[PDB]
C-alpha cells in the first residue's frame, strides 16, 4: 500500500444485510490477523480487519499523531461505505478507538476496548512515559526486532505469560520493521495522549471494556471507568489470544 495512501490497508468480510460492521484494530507490533480468530465467530456481522500506520499493509504510512490516525481511519470507513459500525480495539488499537470516537465518528454504534489505557492522570506521568518510550524507540531504530521483542514481552504488563507463549509472540512480532514501528510508537505514544476520562464520562456513544483476568494493570484502570468491564478468565493483557472462547462470549453479551 503506498506511503502517501489516504486509506489504511484492511481485510473485509461481509455478513448479514441488517447487521453493523465490526471494525477491528490491533495493538503495537500486531496486524489485521490479530482479531481474526475471534472476529470469524461473528460471521453474521460484516468484519473489517484494519492495519494501523507502521503495521502490516499500512507499514509505509507515517503519521504525526492521533489526528492523522483518526483522519485515515475515518477515510478508510468511507472507502468500504461503512455507515453503522462498532470500533473493537486492542491495547494501542483501543487507544486509537477512544481517541477517534471522542473526536467524532459519524455512524459509530459503540466502542469495545480491550486493555486500552484511557490516559495518564497528568503531565508529570506523560513526561516520564515520553522518557520511557524514547528508550524503546531507540532500541527499535538500532536492534534486531527479535532482540527488542524479547525484552518487550518481559514488561510487567506481560508477566503472566510463560516462556513458550513469549517465544511464539517474539517470533510473530519480528515480522515487522523497527523504523515504522518506532515512528508509530512515537506518533501515538501514551505520553502524547490526553486523559480521556472526562470525555468517556460525557460520551454520546456506547462504551464497553474487556480485560484479561491476569491483567491487574488494565483491570485497575477499568474500575475508574463508568463502562461495563468483561473480565476474561485465564488470560493476560492479550485476552483475545489466550482465551478466544472467553472473549467471543463477552462480545455476544454486548452485541447479540
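Residue numbers count along the first chain shown, from 1.
Relative to one another, 140-148 and 76-84 have unequal mean CA B-factors, and 76-84 is the one with the higher figure. Between the stretches 128-136 and 115-123, it is 128-136 that shows the larger average CA temperature factor. Sorting 157, 179, 105, 96 by the CA temperature factor given in the entry leaves 157 at the top. Each of 92, 161, 172, 185 has a CA temperature factor in the record; the biggest one is found at 161. When all modelled residues of the chain are sorted by CA temperature factor, residue 210 is found within the lowest third. Remark: residue 226 belongs to the highest third of its chain, ranked by C-alpha B-factor as recorded. The deposited CA B-factor of residue 47 belongs to the middle third of values across its chain. When the CA B factors of the chain's modelled residues are split into thirds, the value for residue 23 lands in the lowest one.
Residue 30: CA B factor lies in the lowest third for its chain, per the PDB record.
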